[PDB]
Every structure is written in structure tokens, then in C-alpha cells.
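Novice: First the structure, which I've put down as C-alpha cells, then a few questions once you've had a look.
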Amino acid sequence: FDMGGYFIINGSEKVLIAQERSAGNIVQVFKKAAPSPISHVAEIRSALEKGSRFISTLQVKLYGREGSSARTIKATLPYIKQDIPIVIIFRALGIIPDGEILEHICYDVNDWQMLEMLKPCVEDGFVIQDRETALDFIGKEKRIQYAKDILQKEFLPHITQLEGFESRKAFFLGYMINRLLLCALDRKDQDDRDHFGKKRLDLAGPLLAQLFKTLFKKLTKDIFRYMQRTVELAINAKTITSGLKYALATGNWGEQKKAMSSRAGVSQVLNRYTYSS
Amino acid sequence: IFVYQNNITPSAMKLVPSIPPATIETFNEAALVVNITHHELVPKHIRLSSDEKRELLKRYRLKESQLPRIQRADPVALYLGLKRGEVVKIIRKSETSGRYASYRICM
Amino acid sequence: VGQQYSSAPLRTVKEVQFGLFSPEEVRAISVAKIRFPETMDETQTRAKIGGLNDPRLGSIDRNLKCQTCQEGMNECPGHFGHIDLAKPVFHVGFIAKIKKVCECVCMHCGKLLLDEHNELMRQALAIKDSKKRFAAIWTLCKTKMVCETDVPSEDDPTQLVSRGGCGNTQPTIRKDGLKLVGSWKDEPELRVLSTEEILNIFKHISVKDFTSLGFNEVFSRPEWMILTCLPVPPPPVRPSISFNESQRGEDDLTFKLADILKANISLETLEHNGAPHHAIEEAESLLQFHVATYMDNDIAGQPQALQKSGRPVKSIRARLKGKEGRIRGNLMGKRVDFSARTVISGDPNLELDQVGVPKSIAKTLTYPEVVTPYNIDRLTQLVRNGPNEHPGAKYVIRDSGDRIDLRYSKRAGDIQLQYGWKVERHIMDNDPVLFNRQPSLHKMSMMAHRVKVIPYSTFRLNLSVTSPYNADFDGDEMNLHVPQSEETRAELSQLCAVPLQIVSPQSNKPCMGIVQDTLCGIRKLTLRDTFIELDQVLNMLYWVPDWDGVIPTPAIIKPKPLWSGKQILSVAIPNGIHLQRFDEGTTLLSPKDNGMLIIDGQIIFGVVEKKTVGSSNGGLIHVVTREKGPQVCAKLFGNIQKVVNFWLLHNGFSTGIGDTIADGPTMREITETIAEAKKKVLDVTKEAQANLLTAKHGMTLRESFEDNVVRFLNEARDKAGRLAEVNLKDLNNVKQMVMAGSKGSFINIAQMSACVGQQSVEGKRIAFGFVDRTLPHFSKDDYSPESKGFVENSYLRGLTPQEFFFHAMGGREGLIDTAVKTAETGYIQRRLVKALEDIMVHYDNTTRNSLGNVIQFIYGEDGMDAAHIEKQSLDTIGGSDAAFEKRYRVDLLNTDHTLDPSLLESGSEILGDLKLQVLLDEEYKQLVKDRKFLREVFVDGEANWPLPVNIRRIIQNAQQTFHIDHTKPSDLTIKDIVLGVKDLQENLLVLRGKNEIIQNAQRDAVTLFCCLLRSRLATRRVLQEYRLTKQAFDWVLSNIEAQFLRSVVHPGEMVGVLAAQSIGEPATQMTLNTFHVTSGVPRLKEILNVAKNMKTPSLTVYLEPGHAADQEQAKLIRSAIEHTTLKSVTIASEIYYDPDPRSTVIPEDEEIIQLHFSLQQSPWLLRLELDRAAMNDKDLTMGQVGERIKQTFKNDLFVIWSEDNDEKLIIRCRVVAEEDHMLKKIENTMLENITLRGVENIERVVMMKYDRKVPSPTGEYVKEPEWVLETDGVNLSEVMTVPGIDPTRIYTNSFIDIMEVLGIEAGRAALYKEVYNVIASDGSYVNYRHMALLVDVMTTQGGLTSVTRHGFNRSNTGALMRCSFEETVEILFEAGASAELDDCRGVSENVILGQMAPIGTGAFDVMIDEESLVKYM
Amino acid sequence: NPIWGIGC
Amino acid sequence: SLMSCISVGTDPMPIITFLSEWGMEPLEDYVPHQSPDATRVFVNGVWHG
Amino acid sequence: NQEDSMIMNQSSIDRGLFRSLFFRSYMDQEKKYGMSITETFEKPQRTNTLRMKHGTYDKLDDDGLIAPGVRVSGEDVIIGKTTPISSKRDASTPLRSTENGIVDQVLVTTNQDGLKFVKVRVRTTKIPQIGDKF
DNA sequence: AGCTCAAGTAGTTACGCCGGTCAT
RNA sequence: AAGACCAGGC
DNA sequence: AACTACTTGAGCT
Ligand SMILES: [Mg+2]
Ligand SMILES: [Zn+2]
Ligand SMILES: [Zn+2]
């Protein structure tokens, strides 16, 4: 009758508990309170479904409250101190002329409202007229090169961090700047933060994953030291055995060390009061 | 008692406490359109000779500070033109006894 | 306590002095040089190296050793040692001040930066307040940075005079981690101010200067904020915990002492060897840190400083942080001995005040009873009995401070006591003990009970004493404490006995009634239909213990001799108990058997239930308590119980599905009340999906749609249930359990037999979580009720998935706050407490605190104890001038208006007397003064108020004590009556003082009563209404007097904690929700915080005297207040290119030009298209609109406009280097900085028809509703001086404002009103005095001091006190900093000290009078 | 209340 | 609930491919006006034409 | 049966209604050190140390264990262990003070570290009583 | 160079009473 | 023996 | 999680 599904560490039956979370790689638009230099903003949390898995999000803001004359659109990029006005982000991408920029954002030349909105924005970037300067204002030769980097490995990193796809990310940042306005013009509501469909449940299997990596990776750069002493076996297969045990035993995922900055709860002591229990 | 219409100059009023013993007050116009004492919630206050005061204190065994206070820039305090050290007897209606007698010194 | 007599005199702390250790002192005190960083091991050998801990300090291992001051572990408090730091360090918590000090003093010299010479400084220098002085000062000296040697004297700014010198520019200092650095100034010059440098400067700072800033030359000099020699605390402080013997185990602090020690050693060994001078500092910063650590390890510049393993390392200050930490964790509350706790289950055969204790427990808890020749005999028995027989004991203690263990000692059964020895016996029956159930938010959450040892493992408590603790038996547990001194016990029985508690001061009504079975059944037993025969009428009388032993004559003799409940139930009611009621159709022969009338202590008529025997006002209980006493009434429960419970045991009672089913046809009649109700919805949905409905001003077209659907389903549901309600016969059990008042209500039946109801969250019917739908099982845009959450089904029938779900989502919201408001309510409670603790009535009748600061001159504005007060009705006030006169008016000079000689005994010999008719005038003239004076206090007319001494009853007692006939005349001189009531008033003394101010207070805080007094003692009533004999009168009088004197408050009464709870308690019983204006739970919060921006500000303004029901007058003001902006009437705005100022490129404009040239500019145009329907709502005119616009800009903007007649409203205009940029900035300046009508911050403004009672010309009060404007924003100073309002009634709930505009007083009035309306908006009732006290405490210091860490906890109260709430540690730091002195007058101080606090019982002294101790023999 | 009506 | 289950993790390409070969003109080369009401398609949060 | 408290028919409580068994398992090991110094499972008394308990050890066979028949109670030492250090400090396990019953199953076993692993299980029949929740 | 006014940023404190499992 | 975490009780 | 205190920053004469 024991349907199982639990682990048996150091005796006691441990049950991994599902961890709900806000799914990834998706576009969200939020209205931000009357007291704030920002009107609305759209975000998208991105991470490689398989490979390292960065946790850096994209912010496509929209300054100028529902009044002031300066309703501009700026977005935030990973590692960049300040924010950049979308126009530049495009020219810095591979789209240098106006209207070819509005090309991506708006999909209906007969939607003057939206387009209007964009106008003031275009003026913002009117001062940078090409891909040279585009990738520049992002702080010579030394700075320009780094500009690229943060676009091929940091900017909307999902999609792909390859190279010759600049185009694609551009249509997104366009689909995004779109989603922003689609709301600031009362056509689409603010994104429903608790629409269960857009939340994921990291079950047991997944947990071991993000956990294992953290481990095997310390083994990886461990095996690097034995190789960095031999002026001419070593693999302590205990970090993956004992590491796993610690977590599953207590309920603290993230390692041990001077890192309590983890979460306790994951993995508990399976109930045995009654079957239905 | 000057009644400035919209506002007096910062250069101006900086010449008020410059003529003692005498003392001077300033009242904005738009703030005296309605006598505030007249209000429902505003209970009747009253001044107190340095005699009626030096009495309250003996009669209750008070150390001055132990007495409920009232602000110098208090709407009513100004109205009756109090000063730092003067006392005020408040007499209001009470759904428990009919009339209660409270006192506030002006800090 | 302590063990081993000490020759030194015993004393109690009467004062606490704070300060900072002067290095020289720490040195002095130290008994250890403390050089080594290890523990002991003389090279593995266990001992204690002369190096660390015990290099003479305290000790371990059970070794007297400790510098021969023996004592071994227990008796030896710790012994401090020290440690000479290598270089001066910053005291982690003072680093703030150390910095603000320098900001105020000059370097290289060390003196103030502003002398008496600077005027603004004189002022600051006179501010007497060790803290606000150093506050104001720094606010000045933080600017000037030139140590000026010469400044203009008190004459002519011409000449200059000199003082201290060396104007070296003072640097601007900033905080970076643990170091203070600053810049001196093109471009600055940065240097890192050393410690050694700072300290030096401080040392130089002048003595009169220490004092200028917040210091004290004796107890705490500015310099000592930097440590030279570190005070090392001893073992009992940082105990070691060894794992048997051969294993380490050292405390946390016993490490960061060593970490510091080591960081000291290395430093020095770099300053006496090749000292690379700029590589030492790199090692100094380390010591500065470890010493920051040691004391505080929770700072700004992160670096948590973790102990090998990750462990944070508790800093000394961590051990103190409130709750858990020493102050709030070990002192304001500790685990105590002589206590027990288990599971409760009520027992219906236990006197109200008992409490059954499991034998097991009694055989565990003891009680030190000294041997005395009265109890020696019994004790020597209890002792032989041993610790295992119940009525036994378990410990004997001889004079020789040593203890014999009655279960081991070879002389166990031996022992013959010695007077003076003490014996610890098992708790026995009738031992007073403190029983409680937490959450403890009541004076009643803890009560003293009579002990009753019983079997079985559980505390058995009485039912009627259920609601005070608020327990049930579903597993609930209870804590029990056992007194230990002879007085401790007494104190428990004389003030905490359950019987004394029956009348709750918080709501001046009892607080324990008859619950469940006893209630429910007492009802049945009462009905005229309830009869009992001899056999049982006997076994029933037997159960009443006090039974006189006399069977009352049968209510029936004819065929069968029977009795009725009403009869027997009455044998429980004591003689002299007079009760009168009157419900609906109730009259001296109550048809439906309503009302209640009990005379002489026998139920005459009416049925008995919640109303007559509940924890209610009129409550037969409330009355028996007042009339007979704590005791008699406390017994009353058990009886009424015993009889009833027994009876029910035999009559039986139950409930089953059958009680929840509706008539065959009724279940139909309802169905179609939902169908029809469904269509009255489909109907207004059709009529909405056609735009065939207008927007009710202030609401959205959509919102207004809901507003009806909701009001439709609700009214539907309302009768749906009501059909069944009247469909359940007088036999339906559920009904019965509702009438009795012992459980559930209408609503309940409804949701079980008819319709469950509409579900809801956040106030609106089930949302559209799924784009445009409720569930995926629904068609988009379905706004119907079957989609929005209306459960049409009854529980008896069963919910459909959809219904079942919504229902869950609805309940889910419920469960939520019952799991949130649960502890946030507790916080708000806690605050109120730590905010009134030290408030207690004083022997003069002043309500003050630990400062003597008078919070109230006469507690509650009358000096009365809420317990002794009841809802009386001030006659005089209500009724017509006509009916008034015909009652109290007496005219001896008149054939028709004189006392008929059938009332008085001198009626004819009195008719016409001039001298008498004058005393009769004084009187009638008085009563009129009253009548008008009460309509001056209670403008409402409501004549019912809480007032000491219940006169209605007091007279009803005379009624039958002397048996008075409504026939033969009295015998009182008119002087008898009138004169007699005057002599009474004279003895109703509250305050007593000899002088006048006092004697005035007397009359003052009394008045209201006196009026009630006259009202019932007017000659006319006293003779014509209640024919009082001469005798009676002298009795009633004498009693009113006596009663009153008992009804006065007692000096001692810890009033604050009382009102504190009295207020917070009825809050734990509210919902966090603000549904079904921001009110309830969150509101109170809002208030106690003295919030500067409430969610709902809003403000109510009443018309001016005249124009009251002037409908159009209402509007006429609305639109003169409600802020209307151009932005709210403009449908669109465009900017065209029209270069010809004499024609347009636009068609529908032509006319509008030509018709505007009879009875330079820019070619750039700007057109606005205003809304038609929008010009009728806020009402506006093109003439006005523009008029405004034009005068806004004026002569540099020509504007035009069409006329209200047209089919398109418009406004053209032009200006007068790039214009397309300007005429666009002027686009906004037009839509957001231009008002048309209204006062800013005042949006939406609705109108309402309110209920205003008022004085008809003919006297009587009558219904005269008057319009009123309520706002949706708040500005006062301005919306007050508007023509058409009554700046004598205007009112915003924003008390903050009111105080600023109408004077703190009026402010207070609001604060109260607002708090009251927050309790009262929940049905709960609290007595004035409570809210008032709070209101008053916040108010008195001058303004609005909030009940928060930023309020009361910031006054001149003691330091130890405020330290026991929120800022615990810093509060002490800046207390030893400015060397504060604590009275130890605060309740807290004493608890923290372990001394009896000046609280009631201790608010005085007890001394033996030798003189009288000789005359007694 | 919640599970009966708005107002309730 | 009783019937609920959690996804596990399938592969994208066997569907990315299966698409750009059944009507999915890749994003790479897009023209907003020639393709007006073009229904855009997303894969695991990426825009594949 | 007032205020959520219910009346239960004793008679049928006797016929075994709602009776339930209760188990428990106190467990111990024999710690060692890379430095050959091991603990012990015996029936210790006196012997220079004193480090002992209050209860009785008599229900302890010489293997430092009880038998599954034994009726233990009050505090009765359930297991016997010692620690030789420099000569007998106790590490024996006592039945929780509130409890009691009968031993139901003892078992000896190895540990990865070849140490002596021993768990003990005690049984008790628990009868519904005037206070238990349902 | 210097001053009023608005905004930012820093930081703090919160909750009643009452078995298992893990590891320094 | 002190702490932390999870669980559960009114 | 929300506020409120405290001090700082940038706009402005
Ligand atoms: Mg309960
Ligand atoms: Zn000592
Ligand atoms: Zn100087």
C-alpha cells in the first residue's frame, strides 16, 4: 500500500516539497503608483532553460506620468549603470533609420495614437544617427567593444546568445515596447500577477538539478587544482555524495558553508499519522 | 495687531520683537473670515492672572510642567493672544458630568 | 532569596543613574589584568590560566575559589576584568553622536562654534532639555565651519570683538563604515580623522560646554564615548558549556573577546618593532571592528562578521533586542514556578468561582504554610501523610534554612514540627489560585478561583465563566498559578475573585451570563405551557441548595396540583429583586408573553432568555449583583443552573436535518422569488446593453450597473430566507435555539433552508480571473449572477460545482484575515498598553502618570468607577414643553394646578401659601434651567446615558419595603421634599478639598447627576407618581447618598492599563476587512499612527442656519466647491495651422469667427472640443470657461469661443523663434494647472438627506432631515469661509487638520469621535472614560503625540521604561550618554527591579501604630 | 459578510 | 486535486521544425505591412516568426 | 456535552471502542574516535565516576538492553551505555518521565563505521479518557 | 558662492501561549 | 545542555 | 511591508 515517492536519508523518510514560482521568459506589464517618475513598465524575466541559467531581467520603462510633456520610453540593460532610450537600443542593434524603428514596434500605420506616443521618443535619440555612435553611448574603442558584449550575452539572453540574430531580439524589444503602450492606451489591462497558468512548480526532479550543478561545479573547479600542481585519482567523489545528503537531510537547498542564504522547507519528514495524511 | 492681506515681507516682520515691553502680532486676512472659537468642537477657553495661576498650582500641587500644555501657534492660543508661561482654563460639555474643567499652560 | 544571611543592610532601588565608564574606573574595578587570549589549560592541564577568564574573575567547576570571596557559583555575582586596548576605539553605538559632536566643535582647539554672542544660539542655549538642547545646537553649528576669533558685539556690527581663537577651517565630516572622514576647502583636501586625534579634541572641550551639549561632567563626559580600556564581563555573563569533562564548549562572547584580544596583541607587536607606519593602520581598523562586533553585529556597512561556520555571532546588543531579549524576554515576563496547564472541559456542578484541579496536579503544586498552634495538628498529619496521599504534603523546612524531602529522608514519617518551621503542603480545596487563558487581553483573562481537587486529568471550570477567558472545550488549554504568601493569596481573593469580576468596567455591564443548555432550556421551562407535577417539583426544589425547605403553593389545585417553570425557576431568585421590561406588544398582561416582570424576587410574567439572564444591561444578573453583592449573585448562577440543567436533562432537546427543511410549497414560493429576481436582473442588463440608463452623479455607468444587481439579489435573498423563517413553527428546534439566544440567527437558517447567498471577495462578486469569464465553463462577458457568484441553492439542497467553488473562494478570504488580523490586532493592542501603563487614579482624584503630569483632573470627568454605572434616562430633556409642565409644575396659587389634597396630608391647608409657592418656584425654575442645559450638552436629544446610582430601582425598593397604597395620602411638608433633595446634593461628594478651586470641581464634576436626581425627586412626581411616605423619602435619600459614595473611583485603580485593554479588546473582535470609508481594524491603526495621509480623507459640511431642505441650494454649493478642471470637460484638443486671423481652414468654425467681430498674433492654432453632457454635469458655460482661460494667461493669448446653442462647442486661440514648442507647453498648462470651479484636493462631492432630530416650536423633538455635502478630499481653512455653510458644524475626519484649524481642543473632540465611531461601527460598546483617557494622553503634551515608537515612547518618561518597547538598546545608550536619572516611578521600572510597584495595592504604606497597639488588650 | 452578501 | 499532474519538460525543436515547414515564415525576414494581421507565434517564450 | 465537549458511553469504551496502540523508539549508538577510544553497552554501577541516573537499571540484561517482555515505567533506564575517560560516566537512556508501557522489540546492528547500533521500541495501549479529543 | 524645496536613500520594528530533526 | 529549522495545537 | 524618520540632492538666485 505504500505508494512511495519519498527519499530515505539517514533513516527518516524525507519528502521533497513542490516550490511554486513565477514562470520565466514572459512579458508582463505593470502600472506603477501615482507617486513615481514612471507611468507603466513592462518586464520579462529571462534565463537559459539549459545552460548556466542567468537571473537578469529586462525593464522597458515609460517615464512621464499621465500628464507631463516628456513621455519618453527608456529600458534597462544588465550591467549598465543608467537607462537607455529605446531608439538608441535599436540603432545600437542594427536598425538605424526612424520609421524602420516604428516598423518593429507598431504593426498598423493607421494607429496614429501609438505612433504619436513614440514621437517624443524618437526626438530623444535624434542625436545619435548610426550604429557607430549607437553602440557608443553606453558607458573610446575600449567602451564600444563592451557595448556589443552586453547585447549578445546579456540582452534578452534567451532567444539565443549566438551572434547573427540581432534582428530577432529587435522584433521582441519591439513586441515589448508595443505591449507597454497597448496598456498605457487602455486597450489591454495590467498583467494579472496571480494567473496560476503563468506560475511553475519546481517538483523534486528539478530541485536536484539546480542543486547538483551547484555541486558538480565545485567538483569541476576542484579537479582544476590537482591539475594545477602536478609538475609532471584526485576527484573527491564525496562533495556530490555528502553535499546531496546535507540538503535532503535538513531542508536547506543552497550548499552549507557561510551560506544560510538558502531556503528551509524543501524536503521534510514524511507524515505517518494516517494513510490519507 | 497688523492684518496683512496676502503676505508680509521676510525683511519686514523681522522687526517685531524689537520693541519691548510692548508686543506685536500678525494675522492673515483669509484666516479671520470665520471666528474659529465659534466652532462646535471649540470649547470655551480663558486666561488667568498670575494670581489665578499661582493658585491652580498650589491647589493641585503641580510643578508647572505637569500641566497639560497648549501650543503658542495654536489657533485659539493666538486668538486670545497667549504667551509662553500663561495658563488657560478650558470649560466644555461632558456626557459624563455635564461640565469638566481642564487647564492648559502655553509652551 | 539568596541563601546565607548578609550583615549588610537591605534596601530597594529608589533611583537609577546612567553614564559611561571612564577608563580610569574600569581599570580601578578590574581584578584581572587579562593579557592572554586562551582559556586555561596549563599546557593541557585543566585549571584557568592567569590569562583569560578567572585570572581572578568568577569561576566554574563547583569551586568556592574566586579570590577567596568563596561563595562558589551560586551567591557570587560575576567579577569584572579589563583589557588595555593598544589604541582608542569608537563605541559602536555612539559613533553617531561622536560625529555630531565634532560637527558642533572645532578641532586643533576644541571649543563651541557659537557663543552667547550669536543670538539664535542664546535661544538654543536656554532650551532646558538635555536632549532638545543638543538637538537645536547641532542644527546650528553643523553649518559654520570657521572657528571665528572675532564677531560683532551686542552693539554695532561696525566694530568686532574677540573670543577664543585659531579660525582653522573646520572639515565636513561623513560616515564610511567605522571611520569618520572629512574635507577642508580650489578642490578639497581629504584626511581620515584618527581616533587618538578626536579624543584629544574632546578632552579639551570645555566643561560648561560638555553641558552645553547633552552631557554630564560627573556621570558621562563626551570623551568616554571612545573606549581606552575595555571592560571585560565575567563567566555568569558568558558561561561555558562543557560536554562532561574532556570536551571544550565556550560561549559566543568568550570569543569576540579573544578575537579582540588577539587583534590587540598583534597591533602592539607592530608598534615596538619594525613599525611600517602606514601598514599598522591597516591593522588598527581591525581592532576597531572586532570591538564594534562584540557590542553590535547588525550594522550598515554589511560585513556581517560571521563565526567559523557561518554563524552570525550574537553581539551583546542582540541579547537585549525586545521580545526574547532580556528586557522584553526575561524581565517584563518570565517562566515561573508553581504553575500548571492542561485541557479544559466545563462542569455544570461547580460553583461559578470554583475550578476542578486533577488530583495529580494538586499532589504536585505546594504551598508554604508556616507552623502555627492553630494548624500544627493538621500539618503534622498532612506531613505524615507523605507526598503520595492526596490530602498530604511534600517538604518541611526548619528554621535552619535547609530542606527535608518528605519522600526520602530516613525520618520521613518521624518529624514533629516546631512552631516557626514552614511546611509545603499539597494544594487543597478552597485555595485561591490564578486561572487564565491567553491571549490575555482582559482584566478577566485571569481570575482567582476556589480550588476543588477532582479526578481525571483536566481543569474543570464553570460554564458561565466561559466568555471572560473566551474558551471552549475543543481542546483549549488553561494556565494555573498558585499564590504563595498569606497576602499574595488575599490579594488574589479580595480583588481577583471571579464574583468581584461579574460587572465589567469596560462596558459598565456584566460580562458572564447563562450560556447554551442552561439558557436554551431556561426558556422552555418558562412558557405558560410548561407544567411540572409534585414528584418533580420536589426533586427540583431539592437541587436548589439555599432552598428554605418550603414547597410553594401549586399554581393549580383544581384537578391535578401542578406548578409552572416560571414558579419554580423563581425559587432561585432572592427576595427584593425587582425587574421590569417591555418588548413589543408588551403590557401588564403581556399577550405574546413578552417583557419581563419580577417583583419581590418571583417571576410575575414574561419568558426568560438571553435578554433577561444574559451578560446584558438590564440583566437580572446585572441587577442581582448590584442589589445583593458579588457573593449572592455568584451563587445565583449555580442555582438557576442546577434547576434548569437538571430539568433539561429530563425534558431533552435536539436538532436534525428535519429542523432545516422548508414546507412543501414554501420551497417553491422561494424558487420563483429567485427566478423573478433573476429577470429583474436580465431586465436591467438589457436596459444597460442599450445605454438606456443615466449615471447617478459620482458613479461610473458600469459601477451603477452593479450597484443595482447587488441591491437586487440582496433583497431577493433577504425574503427568500424570510419566507422560511415564518415557516418554522414554535417547535422547530433550530428556531428555539435562536429565540433562547443560545446560538445562531436568521441568517443561519436562511443559508441552510433557503438560499446560501452571493459570494464575494474584495467587495465585488467573483471576478474575471479568466479573461472575460468566471470559470472556463462560462461564455465570455457573462455578467449574470450565476456567473458572478450567486449561490441560489440552500445547504439542505447542495451547491453545484460552480456554486461550490465560488463559495470556497469566498470563505477563503474569510479564513485569511482570521489568520492575519489575529496578531496585527495584538500589536495595536500591545501599543495602547505600553502607552498607558503608568496611569492610575491618585489619592487627590487626579489621573496622572510616572511624571505626575495630569492627564485628567478627575478620572472620566466625574471620578466614577464604570462598574457602578447604568443606563438611565434623563427625563427632563425629552418631550413637549406641554407634557413637561404637566409633570413637574406645581402651583399652590391655583384651583387646577395644585396638589390635590388626596396626595399630600396638608393639601387644603397648603393651597395658596405664598412662602411655599416660592420654594416651589426655586424648584420649578431650576428644572427648566436643566432642561435647557441638557439640550446644550446632548444636542441629539437622546436622554439615555450611563449614570452612577440607579434611582429607578432604588425607589422601587422603597415601593415594597413599606408597602405604599395608591390611595391614602403622604405626609411631607413641601419643605420636606424640596428642602430634603437640596441637603442630599450636599453630601454627594467626589473631591474633598478645603479651598474653592476644588469646591468648584466638586459642583462641576457632579452636575449631570444632580439633574437626574431632581428629575426623579420633583415634588409632583415624588407624591403623585410614587406616593412616598415621609419615611420612604428619608430612606431613598439616605441610600442615593450611600450608593453614590461606593460608586466613586478608588485611588489605586490602575486606570491606564484598564482603558488600554478595554479599547484594544473589542478590536481583537473585528475584521481586517474594510468592506460591508476606511473603517474598522485598519482605521484604528491609521489613527493610532496619527497618519498624515489617510486612505479616505473626505469631509462633511452642513448648510448655513436657514436654507436646510433646500434641494437646489445643495447643488448651488456643490458646484462652488467640487474642484472642476478644464481637463475634465475636454473631449479632445488639436493644433492646426491657420495663418489667417480672419477666417479658418476649418468648416464648422467659419460662423464662429464672423459672429465675433462686433457687439499681431501667431499663425499657429489650438482648438479644444469640449463635451456637451459634461457641461451639464459639473455645469459650466462657454462664457465662464473661456472667461477663466483668458484671465489665466491674459494679454499674451487671444482666445475665442462658440455659444452654448451650437452642436459643437469649441475654443480657438493664438499666442503673442520656434512656436510649435511653446504652443504645446501651453497645451498642458491648460489641462492641468487651471481650475474652473472648486477648491483644490476636493474631487467628487455627493449630496445626502440625513436624520437630524430637533426642537419643534411646540417643545417635542421631531424629524427634520437636512441636506448635507460630503466630500472626497480634504481642505478646511478654505472650504470653511464659503457663503452658504455653517463654519460651526463643518467636519473632516482628518483630525490632524481640525486641530490645526480649530485649536487642539476641537482637535481632541475629533480624535475621540473618530475612535468611538470605529468601535461603534462594530456594534461593540465601550465606556467613554476609556477612549477619552487614550484620546487625552495623545493630546495633552501640546499636540498629536502618536501611540508609536515615535510618540509616547519618546517623552520624559523613565529610561528603563521606554526601553521595554521597540528601541530597547539605543534607548539605553543615549541614556548613559546624557546620564539620565530614573525615578523608578514607572510600573515597568519596578517589575524590572523586582520591587512592589506603586500600583493600587502598593500605592501606599502600612505602619504599625505603637500607640494603639497598647490600648488593645 | 464574504459568503452571504456584500454589506453582510 | 486528484486529476492534476505537472508538466515535465519536452523538447522544442521537434516542434520548431514541425512548424517552419507548415506555414511558419521565420521572423528573421519580416515585413509588417505586406503581412498585416499576421498571427505571430511564440515558442517557450521566444518569437519564432 | 456543552461547549464542544462530548459525552462518550463508557460501557462501549470498554468493549474496546476507540482504543489505540502507541509505539515509540528511543535509539542510540556507540561513538568512537579515529583514536581507538570506544563507548560501551553494559549494566554499569559504582566504579569511580558516579555519573549515573536516578531510576533503575535492574530491567537491564547484561547486554545493556531490556527484553521485549519487560514492563518499563516511570524513568527506568531503557538502555545502558558508558564512556571511559581519564572511570564510568553514564550515557544510558531513560524512558520519558511522562510515559511508560512495555518493551516491544529490541535490535542490535552495524553502522557504516562498524559501530554498535541499537534501537528500542515500546508499546502501550491508549484508552479514550475524559478529555481526549475527537 | 550660497539658499530654499523636493526627493532620495537610509534604516527600523512586527506577531499571544503551547513535538520532531539537525548540527557547532 | 544552548540554538536553529520544520511541523502542529486554541 | 509600510511608513516614517533623517539626511541628502538637485534645482534655482
Ligand atoms: Mg477552540
Ligand atoms: Zn566572587
Ligand atoms: Zn578652534
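Using Swiss-Prot numbers, chain C covers 2-186, 195-1085, 1094-1176, 1187-1243, 1254-1454, in order.
Just so it is clear, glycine is given a Cβ too, placed from its N, Cα and C backbone atoms.
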Novice: Out of C:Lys133, C:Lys145, C:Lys695, C:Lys1039, which residue gets the ubiquitin cross-link annotation in Swiss-Prot?
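Specialist: When Swiss-Prot is consulted, ubiquitin cross-link appears for C:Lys695.
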Novice: According to Swiss-Prot, one residue in C:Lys924, C:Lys1350 is annotated as ubiquitin cross-link; name it.
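Specialist: Among C:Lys924, C:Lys1350, the one Swiss-Prot marks as ubiquitin cross-link is C:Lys1350.
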Novice: Using Cβ atoms and a strict cutoff of less than 8 Å, what residues sit near the region 'Lid loop' (C:248-260) while being 6 or more residues removed from its termini?
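Specialist: Residues packing against the region 'Lid loop' (C:248-260) from afar: 40, 61.
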Novice: Under a three-state reading of DSSP, tell me whether C:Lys695 (ubiquitin cross-link) is helix, strand or coil.
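Specialist: The residue in question, C:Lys695 (ubiquitin cross-link), is helix (DSSP, three-state).
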Novice: Going through the binding-site residues C:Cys70, C:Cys110, C:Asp481 in sequence order, which have a CB under 6 Å from an atom of ligand 1?
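Specialist: Only C:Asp481 qualify.
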Novice: Quick one: which of the binding-site residues (C:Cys70, C:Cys110, C:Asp483) have their CB closer than 6 Å to ligand 2?
Specialist: C:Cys70
Novice: Could you tell me which of the recorded positions C:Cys67, C:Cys70, C:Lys695 have their C-beta within a distance under 6 angstroms of some atom of ligand 3?
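Specialist: With ligand 3 as the reference and 6 Å as the Cβ limit, the list is empty: none.
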Novice: Less than 8 Å, Cβ to Cβ, versus chain F; work out which of the binding-site residues C:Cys70, C:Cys110, C:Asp481, C:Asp483 satisfy that and list them by sequence.
Specialist: C:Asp481, C:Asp483
Novice: Mind giving me a neighbour count for C:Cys167 (Zn(2+) 2 binding site)? Other Cβ atoms within 10 Å of its Cβ, every protein chain shown.
Specialist: 12
Novice: For a quick check of packing: other C-beta atoms within 10 Å of the C-beta of C:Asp481 (Mg(2+) 1 binding site), how many?
Specialist: 15
Novice: Test of understanding: give the count of other CB atoms lying within 10 angstroms of the CB of C:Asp485 (Mg(2+) 1 binding site).
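Specialist: Other Cβ atoms found within 10 Å: 17.
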Novice: Whole-number Å only: compute the distance from the Cα of C:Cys167 (Zn(2+) 2 binding site) to the Cα of C:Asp481 (Mg(2+) 1 binding site).
Specialist: 79
Novice: Which residues, in sequence order, are found in the same chain with Cβ within 8 Å of the centroid defined by the Cβ atoms of C:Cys67, C:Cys70, C:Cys77, C:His80 at the Zn(2+) 1 site, excluding those residues themselves?
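Specialist: Those within range, site residues removed, are C:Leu58, C:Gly59, C:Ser60, C:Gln68, C:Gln71, C:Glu72, C:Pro78, C:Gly79.
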Novice: Count, for each of the recorded positions C:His80, C:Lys695, C:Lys1350, the other C-beta atoms lying within 10 angstroms of its own C-beta, and report the residue with the smallest count.
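Specialist: Result for the recorded positions C:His80, C:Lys695, C:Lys1350: minimum number of other Cβ atoms within 10 Å at C:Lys695.
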Novice: Quick one: which residues besides C:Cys107, C:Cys110, C:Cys148, C:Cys167 have a Cβ within 8 Å of the Zn(2+) 2 site's Cβ centroid, in sequence order?
Specialist: C:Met108, C:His109, C:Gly111, C:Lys112, C:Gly165, C:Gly166, C:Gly168, C:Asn169, C:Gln171
Novice: Please report the distance from the Cα of C:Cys67 (Zn(2+) 1 binding site) to the Cα of C:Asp485 (Mg(2+) 1 binding site), rounded to the nearest angstrom.
Specialist: 50
Novice: What Cα-Cα separation, expressed in whole Å, is found between C:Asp485 (Mg(2+) 1 binding site) and C:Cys110 (Zn(2+) 2 binding site)?
Specialist: 70
Novice: Quick check on the binding-site residues C:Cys70, C:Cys107, C:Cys148: which one has the highest count of other Cβ atoms within 10 Å of its Cβ?
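Specialist: Comparing the binding-site residues C:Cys70, C:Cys107, C:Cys148, the most crowded Cβ belongs to C:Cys107.
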Novice: When the region 'Lid loop' (C:248-260) is classified with DSSP, how many of its residues are helical, how many are strand and how many are coil?
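Specialist: Within the region 'Lid loop' (C:248-260) the tally stands at 0 helix, 0 strand, 13 coil.
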Novice: Is it possible to list how many residues within the region 'Bridging helix' (C:810-822) are helical, extended or coil according to DSSP?
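Specialist: So the counts come to 13 helix, 0 strand, 0 coil.
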